[PDB]
2 protein chains.
Amino acid sequence: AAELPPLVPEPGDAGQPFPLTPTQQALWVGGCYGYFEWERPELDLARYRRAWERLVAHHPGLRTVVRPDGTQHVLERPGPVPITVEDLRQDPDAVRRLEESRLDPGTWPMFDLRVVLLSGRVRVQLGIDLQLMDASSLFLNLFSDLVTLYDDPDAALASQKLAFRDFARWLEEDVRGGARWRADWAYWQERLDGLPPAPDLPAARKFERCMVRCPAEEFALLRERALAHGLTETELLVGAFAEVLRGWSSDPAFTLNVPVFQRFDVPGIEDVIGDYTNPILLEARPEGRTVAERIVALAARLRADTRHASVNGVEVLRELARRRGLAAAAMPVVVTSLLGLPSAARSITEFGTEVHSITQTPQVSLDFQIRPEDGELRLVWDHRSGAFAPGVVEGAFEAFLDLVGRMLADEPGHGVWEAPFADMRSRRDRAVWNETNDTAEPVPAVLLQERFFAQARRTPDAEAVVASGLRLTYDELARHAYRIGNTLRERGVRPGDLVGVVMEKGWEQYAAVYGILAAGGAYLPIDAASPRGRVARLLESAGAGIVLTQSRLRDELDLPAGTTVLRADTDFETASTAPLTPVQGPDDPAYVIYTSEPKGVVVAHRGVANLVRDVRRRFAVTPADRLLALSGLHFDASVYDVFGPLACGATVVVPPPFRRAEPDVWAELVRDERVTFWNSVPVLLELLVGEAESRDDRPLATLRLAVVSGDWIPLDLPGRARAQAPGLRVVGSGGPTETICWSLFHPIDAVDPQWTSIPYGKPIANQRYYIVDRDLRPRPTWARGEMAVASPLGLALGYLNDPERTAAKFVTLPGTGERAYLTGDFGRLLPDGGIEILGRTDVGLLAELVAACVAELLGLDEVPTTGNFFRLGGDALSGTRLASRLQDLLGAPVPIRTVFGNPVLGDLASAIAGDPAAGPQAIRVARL
Amino acid sequence: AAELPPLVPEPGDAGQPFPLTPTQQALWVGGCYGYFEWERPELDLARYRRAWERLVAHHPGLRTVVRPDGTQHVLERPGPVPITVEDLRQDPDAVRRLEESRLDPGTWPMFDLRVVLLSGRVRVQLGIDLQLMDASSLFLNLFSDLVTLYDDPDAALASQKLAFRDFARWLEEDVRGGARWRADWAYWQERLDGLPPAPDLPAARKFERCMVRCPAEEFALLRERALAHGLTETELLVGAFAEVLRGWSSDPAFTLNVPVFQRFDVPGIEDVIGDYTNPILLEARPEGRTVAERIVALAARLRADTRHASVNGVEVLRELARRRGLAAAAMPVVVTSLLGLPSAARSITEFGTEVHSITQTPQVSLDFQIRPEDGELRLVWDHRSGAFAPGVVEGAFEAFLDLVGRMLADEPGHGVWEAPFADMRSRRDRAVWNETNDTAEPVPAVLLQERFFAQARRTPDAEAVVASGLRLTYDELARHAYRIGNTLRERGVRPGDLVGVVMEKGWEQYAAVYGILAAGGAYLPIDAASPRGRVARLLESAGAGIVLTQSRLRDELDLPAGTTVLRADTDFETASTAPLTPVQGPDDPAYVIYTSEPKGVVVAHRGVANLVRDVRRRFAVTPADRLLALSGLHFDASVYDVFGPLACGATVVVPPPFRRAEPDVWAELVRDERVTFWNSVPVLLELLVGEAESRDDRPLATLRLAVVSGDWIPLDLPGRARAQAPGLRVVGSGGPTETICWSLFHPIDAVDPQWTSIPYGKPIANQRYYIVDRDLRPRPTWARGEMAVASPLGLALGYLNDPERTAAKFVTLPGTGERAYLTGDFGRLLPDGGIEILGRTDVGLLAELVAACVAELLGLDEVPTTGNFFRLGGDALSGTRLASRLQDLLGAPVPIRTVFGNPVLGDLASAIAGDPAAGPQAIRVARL
Ligand SMILES: Nc1ncnc2c1ncn2[C@@H]1O[C@H](COP(=O)(O)OP(=O)(O)NP(=O)(O)O)[C@@H](O)[C@H]1O
Ligand SMILES: Nc1ncnc2c1ncn2[C@@H]1O[C@H](COP(=O)(O)OP(=O)(O)NP(=O)(O)O)[C@@H](O)[C@H]1O
């Protein structure tokens, strides 16, 4: 505490210009009018006007106006105070005509005074410009004097002992730059690059209120609760407010704007209407296991941050804004507390019952107002309508009352004080989420192959696989599966073995898949166009000592010699067609599909069973359907193509092997084989839909259902496709390889122009889509977090030969003990239950000069031009020497002001290089 | 002529700082030391030193040095003058050790004085800093005094009557800004946005000399020649210099830097060593039919430009540089003439025979020096080695002497004075061009089809077209041609008819092409994948009432009903195979190929004959060759594929029809059908070469010749392709559809790293590649112009049904009367005969305010912020009022200096907005 210089009241110039306070200068560039409307039965207008004429005269601030040149002075005689009266007594539905009635610092007055006469009651309206004074002068000086004076307009007022202009010059010239302000300015610059951004709350695609009053008895208890932790009521409420704000914020760490209204104990400043605001940038990083621990810790930082309040927060905002954006420096989440201030003589409530009031300040999104009134305690949140997603503020206010309520209910040391966290989802949040994720359905333990054989027996002569001028029937395909099945079984394939399938598009893939399952193994699809010896790299890695392939492709493949290779279309003609009795379990692996080391997603029959049975019921898949198997057997998307339609008697149309997209083919293949069911990543659908647009027929007309997923679904693609195919249902899906092909669905019926993406969807049978913060904890609606797909049967068993990565991505949600797969995808819950997918050079030499001098002065090896001087290690006594040694080295004056108002070393170089006083000299020395 | 204020010599401060002249300030930011070395037998060193000590004392300028702060003063006693002597008499090969000997304005002296004693002769060396004085003080003051004084070091010198510091303060403060300087500054600003860039001469990927002396008698005649046109010797030489410079420049219009050395007839300034340079930006736009007319006209502009020389050119360069780049404002082509100056008392030649001298000034590429010496006339070009393409300066100096010689030979009114232009190609230029374009070869009048039938008779059983598991033999293909031939003939096809060929890749195309020719018609290939009814749009347009197509593609085509459509593979089985006797001429059309209205390039048999016979001989095309017909029958590149290999017994491999690039196919097709000859646009070769790199075999190994063209040939593609195919000859070609497929060739043997493209090439038989300027006039080597392909048989006959566009692109070169096709391509001749292909917001409201006031003051509807005030219509008497009306409107002082030093209206706003004096006020008014 470096003692401050004294205030020398200069009454000679009481009306000679002075500067706006920093917090006033910010309001002068950015309407902003706080408003108040009280009601009472009678009002002696003559007495009331006598009161405001005495008021205007007593208080210099009420006679202060701002010149056009950006400064201000105190008019010595401004005029009679304007009080517009509006007679509204002979008007039915007058309160209607009253609310229908809906100001500048350049023209006196900076307030607006109206009275509105109605039947048997009157409405006092007072409008004030936010620059005129701060919130503490409003309540502690104006309101308490308006009440004294409307009582007795002649009553005695404590003598004005100094001018607000005396206090405002004292601040800029005797305080700003002094001993103390320099120590405190180092405090802030040491910290500034570490300050997190303002709270990142969810936004939409002017000012509302949320309010509660705490009665005297609950106010008293709230205070005991705070003191029990050595906290002030404001410390507790700021700490609870940050806990609530983390329910919705993107990052747990934000900066809150916490203005204090300190007048520095100047004698006589307790009665001086002026502007005393001093924003304080509170760093709010969660520090502690428990709620109580974190609140206490943040309270300690606010306390220390306030020990250095001789620097006005608006100066820290200026520096912060140089470093990052003007946007990236905005602190629009404010906690304005009028607690801890002298009690005033009269409360405005003594004058009229409040009826309306709105402080709608500019460049503030949400302002948590803490103010005492009538020994109750007002908790007000003024928020800017439009600044946040619908409900986010309302739902956070609920969370906040519930958290304060719980502090009132629970004894310090127990309950909420001890909790690791408070669940912040609203009743509606958990209602809508549970409704949407009540997806449990029993999955009959009928193995994947044994379902298709049953279908082969039911309709044996029906088209199974149509593929390049060859049409396998269901019996024909079931027979060849049994050949591969019997063969593989008698060549060593016990349950839980892997059998590679290295092939190109064609019937031989289905044969091999169902044959490997019939034998009891799991099928390992690998790309027949893998580079180098990747196919050997995977096969060796998975442990697949048998490979099934095509005749026409065997020699084109670099397979290791020890492994046996069979060709599904020739090496099997002499094997039995006798059905195989299944020997693997429903939870044994059905396939192992690789995803870029490359990791092997292991998947059981059960969870595929779940997906097939879900799609059949959800989309009405009948045998009359024909599905085009476009995706490749080594992509998760092919899993529905393999087991879906073949399990219900529908027909698989396999397209000719392709090395690049060929929509011309596919559109004709949709036309000739009368295809109903399309499944592909979105861009491939765009190509198809693009090819059809440039054609005179309607080649996609047979398409009834087109499910796209795996990438962003263009916003016009669903409408485009419904043209080239009337009555097409376009369904958007998603879900990683580890949640079994498709795990959620969004039927795209109509695209909202307000949307930025298609909604990701809602989860299928036996899937549950949590959005969770970085502690695996479900978040409220609109809050952004990682998607966690919970399911006891609809998740991959694990990563092949890799308990560790499996452990880390397939986790136990701590809230429920559910096993969930951590998708690494990020999205957020929509209000209707859906999910939105979200993602995942002469100065230059003077700066090198400044930085080298700074590196020597602090004792450091190297120091970067971008570095902030005080963060690099500089305090206030060593920031003085920096100005000294630069003066020496450059032969130019570098004033101490120039070193501090430019903490960033690049900024100081630019300040010296463009110094009129001695820039050019300093430029020359720089050039060595 | 607004009379100038007088000069008030201020001797009190003769040594008190003054500013650098503008032309000196430019030399202070940008080594620069002019050098002189004379030789004589004897030198009295004591007398010589006595001479330079008197010199230093007499001439303030020789004692002037530049402070570190960017100003200068006259030392009152600097010291004894340093003269380094180097004794070199007992040293064999001393002139060797002498030349081996190879200064700053901050340290006096700004010159360097050496003497070098050798056997029986001595070398006086004088080095001078270009800032010390200008070229006219060097010769007229220093050199003429060094000679007076080495004669008699005590001899009388005319008294110094004023200081150079008196003249340099007079200029900046009494002249710059005055009455005159304002009228002249309007002159330049009215003109400035119209000034063309400096001469754009060809560049490569420190100072040399070109020199001639004109003897007294030829100097005298040169003067009579100039006077005969009312021109001064400098006007004539500047005018001839620009004519020469246009031989090589990119644009006929350039700006030359023509400094004048005016001292303003101040009394006594004739003997004052200082810097008097005043660059003048001469706009050099060709104005006149004849050489004499253009020279006279430019002389008139230089004369007027000089009538406004109270503005120093360095100020015009500053403004010009604000508007365009710093680069875009550089005027590095200078004509520095010391003609028109007072004769001096003694010439430096009287002191020593010159032996070496080099004025190597910075930021000057080429400086044409015109100076008189001993009643001879020195013409010197100092150029910066490296600044231009090799030879360009040497070859332009030749052109310049030849043009001056011709003015000396020819009487005014005849010869060169009357010529439309002077051919500026060097003897080497026309030698190398003619050697390269001696391409005439007789083309036997053997029709295109009748050459293939002959080949069909010679080797009838050999492979003609191999195309998709069908191998037409030569007889088989010649038979089917005769079927289409006989049929078409007896269905109405008279010579000069067009027959469409709408097909996809396949043997049916060759059948149709040779059948249409056998019948006597021309074949019109149109894309079988044209959108909408383009195929009908072209067919209707060309006049092609027959179309040949494929069975498998007929119904896929929107052809008009009246036209007959036949299918080459079914509608022809019953027609005769009897040979047809040809009925069209060798110069009748062979085909009509369309190029995007769409224009139809008509092409005769003769010029295709030329290309086939050229490629066969140039590349050794034998029957063993197999060529892959990748290009499409509707692209000019297919013309070689159709007629080339089929005319010599080689085999055409046709690939399967493709809608996008499929290198995988093509590489296997090159492997299986053993392909030797590749022809495609470059990127397709890159794809092929890319596919082969990712393969374990060598699938392109059979490739012996790969000709790519139609687009830019990547610099690595030739080396890449020679790997995947050892012994491949990669040949780059080119030439538009109107010069018959390929009209020039560059065998790519090795790629120079200095290259930016592959050289376009040299022309094939019967082609001639001119580079010509905008008057169809062939240009010198490295000069950039449009390529004009001349040929009496190797050009399209014309554009179908379009005499007008044919007239305009198929022109008569005026130099030779040759018919040439104007490619619209731009390139330039290389020295080896080849061609290189070359291509083809508070200020914002103050500016709106300034511009509105300016629009009113000049009488104009709207005026743009970007507009220059004086070009928009402002003179000097109305630029004064602009400062007045802005002062009124803004309530801020706008000094007259601020309006003129900122002619651009945006610039003036910025000058007012950032005015410390009264910027903020002006900012406020701006915001309405
Ligand atoms: N509609 C959609 N919009 C945006 N992204 C989607 C959508 N549907 C699926 N995704 C993404 O697709 C991913 C699933 O892809 P997956 O089938 O696992 O192969 P991949 O992860 O993309 N390839 P890789 O992990 O490198 O082997 C998800 O993790 C999402 O990021
Ligand atoms: N090696 C090359 N480098 C650069 N450009 C080349 C090269 N070879 C040919 N060209 C260009 O190819 C053009 C000839 O193309 P052409 O065969 O006439 O069809 P196109 O003009 O490109 N298509 P269009 O005129 O729109 O119908 C020339 O005019 C050159 O610009």
# chains A, B, ... in the order shown; residues from 1 in each chain; ligands from 1
$ residues_around --residues "range 388-402 of chain A" --least-positions-apart "2" --cutoff "8 Å" --atoms "only C-alpha atoms" --output "mmCIF file with C-alpha atoms, in the first residue's frame"
data_model
loop_
_atom_site.group_PDB
_atom_site.id
_atom_site.type_symbol
_atom_site.label_atom_id
_atom_site.label_comp_id
_atom_site.auth_asym_id
_atom_site.auth_seq_id
_atom_site.Cartn_x
_atom_site.Cartn_y
_atom_site.Cartn_z
ATOM 1 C CA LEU A 201 -22.553 -19.012 -23.612
ATOM 2 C CA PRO A 202 -24.761 -20.474 -26.366
ATOM 3 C CA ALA A 203 -26.101 -17.987 -28.954
ATOM 4 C CA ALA A 204 -29.126 -17.851 -31.272
ATOM 5 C CA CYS A 210 -35.013 -12.455 -14.015
ATOM 6 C CA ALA A 240 -22.231 -19.246 -6.911
ATOM 7 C CA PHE A 241 -22.832 -17.269 -10.107
ATOM 8 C CA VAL A 244 -23.964 -21.718 -12.481
ATOM 9 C CA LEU A 245 -22.337 -20.055 -15.504
ATOM 10 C CA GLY A 247 -23.270 -25.315 -16.678
ATOM 11 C CA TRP A 248 -23.617 -23.633 -20.067
ATOM 12 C CA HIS A 383 -30.006 -9.858 -19.977
ATOM 13 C CA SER A 385 -32.871 -10.580 -25.431
ATOM 14 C CA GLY A 386 -31.296 -12.177 -28.452
ATOM 15 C CA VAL A 404 -28.552 -20.564 -3.494
ATOM 16 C CA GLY A 405 -31.557 -22.389 -2.045
ATOM 17 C CA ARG A 406 -29.338 -25.377 -1.352
ATOM 18 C CA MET A 424 -27.445 -27.778 -13.744
ATOM 19 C CA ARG A 425 -29.947 -29.336 -16.160
ATOM 20 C CA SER A 426 -33.473 -27.946 -15.806
ATOM 21 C CA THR A 781 -29.785 -27.896 -23.472
ATOM 22 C CA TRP A 782 -27.700 -25.795 -25.939
#
$ residues_around --residues "range 676-682 of chain A" --least-positions-apart "4" --cutoff "6 Å" --atoms "only C-alpha atoms" --output "NGL selection string"
:A and (625-628 or 702-710 or 713)
$ write_last_selection --atoms "C-alpha atoms" --output "compact mmCIF listing (two decimals), in the first residue's frame"
# COMPACT_ATOMS: atom_id res chain seq x y z
CA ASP A 625 -37.11 -53.19 -51.44
CA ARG A 626 -33.93 -53.11 -53.48
CA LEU A 627 -30.88 -51.55 -51.80
CA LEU A 628 -27.80 -50.38 -53.68
CA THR A 702 -37.80 -45.70 -57.71
CA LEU A 703 -35.90 -44.24 -54.69
CA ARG A 704 -38.11 -44.36 -51.63
CA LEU A 705 -35.54 -44.04 -48.86
CA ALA A 706 -32.10 -42.46 -49.04
CA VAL A 707 -30.08 -42.54 -45.79
CA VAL A 708 -26.93 -40.34 -45.93
CA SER A 709 -24.27 -39.91 -43.23
CA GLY A 710 -20.54 -39.79 -42.53
CA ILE A 713 -25.18 -33.03 -45.32
$ residues_near_ligand --ligand "ligand 1" --cutoff "7 Å" --atoms "only C-alpha atoms and all ligand atoms" --output "list in words"
residues 595, 596, 635, 636, 637, 709, 710, 711, 712, 713, 732, 733, 734, 735, 736, 737, 738, 741, 758, 760, 823, 824, 825, 837, 839 and 840 of chain A
$ interface_residues --of "chain B" --to "chain A" --cutoff "9 Å" --atoms "only C-alpha atoms" --output "PyMOL selection string"
chain B and resi 68-69+531-532+659-660+662+664+694+920-921+924
$ residues_around --residues "range 99-105 of chain B" --least-positions-apart "2" --cutoff "8 Å" --atoms "only C-alpha atoms" --output "list in words"
residues 33, 65, 66, 95, 96, 97, 107, 108, 109, 110, 111, 112, 129, 131 and 132 of chain B
$ select_by_dssp --residues "range 131-310 of chain B" --states "strand (DSSP E)" --output "VMD selection string"
chain B and resid 207 to 214 254 to 257 281 to 284
$ write_last_selection --atoms "C-alpha atoms" --output "mmCIF file, in the first residue's frame"
data_model
loop_
_atom_site.group_PDB
_atom_site.id
_atom_site.type_symbol
_atom_site.label_atom_id
_atom_site.label_comp_id
_atom_site.auth_asym_id
_atom_site.auth_seq_id
_atom_site.Cartn_x
_atom_site.Cartn_y
_atom_site.Cartn_z
ATOM 1 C CA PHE B 207 27.241 -1.405 -64.841
ATOM 2 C CA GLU B 208 28.213 -1.917 -68.516
ATOM 3 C CA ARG B 209 28.728 0.605 -71.371
ATOM 4 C CA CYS B 210 27.721 1.072 -74.997
ATOM 5 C CA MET B 211 29.382 4.043 -76.579
ATOM 6 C CA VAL B 212 29.937 5.982 -79.755
ATOM 7 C CA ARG B 213 31.533 9.349 -80.476
ATOM 8 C CA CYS B 214 30.294 11.563 -83.266
ATOM 9 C CA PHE B 254 6.374 4.563 -71.629
ATOM 10 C CA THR B 255 7.658 7.392 -69.434
ATOM 11 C CA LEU B 256 11.256 8.487 -69.733
ATOM 12 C CA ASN B 257 13.211 10.293 -67.011
ATOM 13 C CA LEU B 281 8.723 12.626 -66.535
ATOM 14 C CA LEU B 282 8.392 12.630 -70.304
ATOM 15 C CA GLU B 283 5.266 10.852 -71.525
ATOM 16 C CA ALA B 284 6.282 9.016 -74.678
#
$ residues_around --residues "residue 146 in chain A" --least-positions-apart "2" --cutoff "9 Å" --atoms "only C-alpha atoms" --output "list in words"
residues 48, 51, 52, 55, 141, 142, 143, 144, 148, 149, 150, 151, 153, 346, 348 and 351 of chain A
$ residues_around --residues "residue 751 in chain B" --least-positions-apart "4" --cutoff "9 Å" --atoms "only C-alpha atoms" --output "list in words"
residues 715, 716, 718, 719, 755 and 758 of chain B
$ residues_around --residues "residue 340 in chain B" --least-positions-apart "3" --cutoff "12 Å" --atoms "only C-alpha atoms" --output "compact mmCIF listing (two decimals) with N, CA, C and O atoms, in the first residue's frame"
# COMPACT_ATOMS: atom_id res chain seq x y z
N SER B 136 26.28 18.46 -64.08
CA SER B 136 26.68 19.68 -64.76
C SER B 136 27.66 20.49 -63.95
O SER B 136 28.50 21.18 -64.53
N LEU B 140 31.14 21.46 -65.67
CA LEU B 140 31.23 22.90 -65.93
C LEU B 140 31.97 23.68 -64.84
O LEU B 140 32.43 24.80 -65.10
N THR B 232 15.98 20.63 -81.19
CA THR B 232 17.32 20.67 -80.63
C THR B 232 17.93 19.27 -80.71
O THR B 232 17.23 18.27 -80.89
N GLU B 233 19.26 19.23 -80.66
CA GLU B 233 19.96 17.95 -80.79
C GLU B 233 19.47 16.98 -79.74
O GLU B 233 19.35 15.78 -80.00
N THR B 234 19.15 17.49 -78.54
CA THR B 234 18.64 16.61 -77.50
C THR B 234 17.22 16.17 -77.81
O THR B 234 16.85 15.02 -77.54
N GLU B 235 16.39 17.06 -78.36
CA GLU B 235 15.05 16.64 -78.76
C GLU B 235 15.10 15.52 -79.78
O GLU B 235 14.34 14.55 -79.67
N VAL B 260 16.76 17.83 -66.43
CA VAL B 260 17.34 19.09 -66.85
C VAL B 260 18.11 19.67 -65.68
O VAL B 260 17.81 19.40 -64.52
N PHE B 261 19.12 20.47 -66.00
CA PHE B 261 20.00 21.04 -64.99
C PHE B 261 19.89 22.56 -64.95
O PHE B 261 20.87 23.26 -65.22
N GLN B 262 18.71 23.08 -64.60
CA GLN B 262 18.44 24.51 -64.62
C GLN B 262 18.84 25.15 -63.30
O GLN B 262 18.54 24.62 -62.23
N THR B 336 20.06 11.62 -69.80
CA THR B 336 20.76 12.71 -69.12
C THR B 336 21.61 13.40 -70.17
O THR B 336 22.62 12.85 -70.61
N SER B 337 21.21 14.60 -70.57
CA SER B 337 21.90 15.32 -71.63
C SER B 337 22.54 16.58 -71.07
O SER B 337 21.87 17.41 -70.44
N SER B 343 29.32 26.81 -72.37
CA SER B 343 30.65 26.23 -72.58
C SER B 343 31.51 26.62 -71.39
O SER B 343 31.37 27.72 -70.85
N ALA B 344 32.35 25.69 -70.93
CA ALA B 344 33.24 25.98 -69.81
C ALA B 344 34.61 26.42 -70.31
O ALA B 344 34.90 26.37 -71.51
N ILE B 370 24.02 11.98 -73.04
CA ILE B 370 24.34 12.79 -74.22
C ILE B 370 25.26 13.89 -73.75
O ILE B 370 24.80 14.80 -73.06
N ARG B 371 26.54 13.85 -74.09
CA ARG B 371 27.39 14.94 -73.64
C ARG B 371 28.44 15.34 -74.67
O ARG B 371 28.99 14.50 -75.38
N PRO B 372 28.71 16.63 -74.77
CA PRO B 372 29.69 17.11 -75.74
C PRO B 372 31.06 17.09 -75.12
O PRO B 372 31.24 17.39 -73.94
$ residues_around --residues "residue 525 in chain A" --least-positions-apart "6" --cutoff "6 Å" --atoms "only C-alpha atoms" --output "number ranges by chain"
A: 500-501, 633-634
$ select_by_dssp --residues "range 55-92 of chain B" --states "alpha helix (DSSP H)" --output "JSON, numbers by chain"
{"B": [55, 56, 57, 58]}
$ atom_distance --atom1 "CA of residue 428 in chain A" --atom2 "CA of residue 335 in chain A"
27.1 Å
$ atom_distance --atom1 "CA of residue 205 in chain B" --atom2 "CA of residue 757 in chain B"
12.1 Å
$ atom_distance --atom1 "CA of residue 278 in chain A" --atom2 "CA of residue 312 in chain A"
5.3 Å
